[PDB]
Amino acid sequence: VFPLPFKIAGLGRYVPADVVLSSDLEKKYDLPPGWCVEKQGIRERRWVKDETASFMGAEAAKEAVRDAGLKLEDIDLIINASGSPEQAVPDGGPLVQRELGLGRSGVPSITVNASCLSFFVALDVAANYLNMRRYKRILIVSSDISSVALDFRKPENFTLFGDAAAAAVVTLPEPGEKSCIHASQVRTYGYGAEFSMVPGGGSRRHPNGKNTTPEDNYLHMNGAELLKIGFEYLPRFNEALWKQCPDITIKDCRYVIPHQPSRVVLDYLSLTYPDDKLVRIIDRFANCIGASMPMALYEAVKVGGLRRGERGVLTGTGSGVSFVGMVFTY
């Protein structure tokens, strides 16, 4: 079953143009200087002006298509893989297709949703489509605007969140190219759903029904209980991931590329690995929801100089709760 031929052919990014410095936030909202860097690990972030999520997605997608040596007309499947929805109907796939100028193309455009780990799951879905020869040139887009959710009365909130979009074009490798997935795994522990959820925004507590409370549109987070899920299940997760590629270990991999919604995952990794092994984006882009992991993948290649033939590890924990991991040769 592994290794699976798989090429990340192109990568793209769009971020809002205006830098919001943590120093300016601290000055404006009476926080101690350096508070965001110490507490959040965040020095800057970007917030949209008038952009829509589909707009940012399309901008990133166009870059990734250029990067792959392709034209937009060459893409034969679009997968939206964001952490949050632009609107209720339709899903983000058709919306980004339209924004790209491909609205009359017929190219199938769909959404894969695993909350903030959507991008990962989309890669995995795309890998199987590619190897089954169903589609040849797949665009995966992750675009999120969190700045909409900002609450300027809560520092743990308004200093944490940022906006970004990142995209990938994935294909089969050309003859002689070593690009592949060595291991991939997803596990879900839905008993943890309650420890990171937003109970509003759907049928369960529809505004026009009888199950609404004032707190419906906020993140309900139980940090201690989330870590307990980690304590109990992460060791066996990692064991089973690396068992898929018994001849490849973490020492054979140049970069660890994590979903990074807070500094904690990075701190954990920094105690374990040399700093040059860890791909960091939260420092300049903050928590950008579903765009986090693909932003880090973009960073690994376009700043970190990840070379074809070198190996990486995608890793993350997300609401669900789910755990993902993938070991790949770029």
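Residue positions are given as counts along the sequence shown, with the first one as 1.
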(request) Would you determine, from the values in the PDB entry, which of 240-248 and 139-147 has the greater average C-alpha temperature factor? (result) 240-248
(message) Quick check on the record: does 116-124 or 149-157 carry the larger mean Cα temperature factor?
(response) 149-157
(message) Checking the record values for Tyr255, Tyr129, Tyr189, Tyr218, which has the greatest CA B factor?
(response) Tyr218
(message) Checking the record values for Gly57, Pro33, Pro261, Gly304, which has the greatest CA B factor?
(response) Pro33
(request) Just say lowest, middle or highest third for the CA B-factor of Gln87 relative to the other modelled residues in its chain. (result) middle
(message) Please say which third, lowest, middle or highest, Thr272 falls into when its CA temperature factor is compared across its chain.
(response) highest
(request) Would you mind checking where the Cα B-factor of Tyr29 ranks among the modelled residues of its chain, as the lowest, middle or highest third? (result) highest
(request) For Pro3, return the chain-relative third of its C-alpha B-factor as stated in the PDB record: lowest, middle or highest. (result) highest
(message) Taking only the Cα B-factors deposited for this chain, tell me whether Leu234 sits in the lowest, middle or highest third.
(response) middle
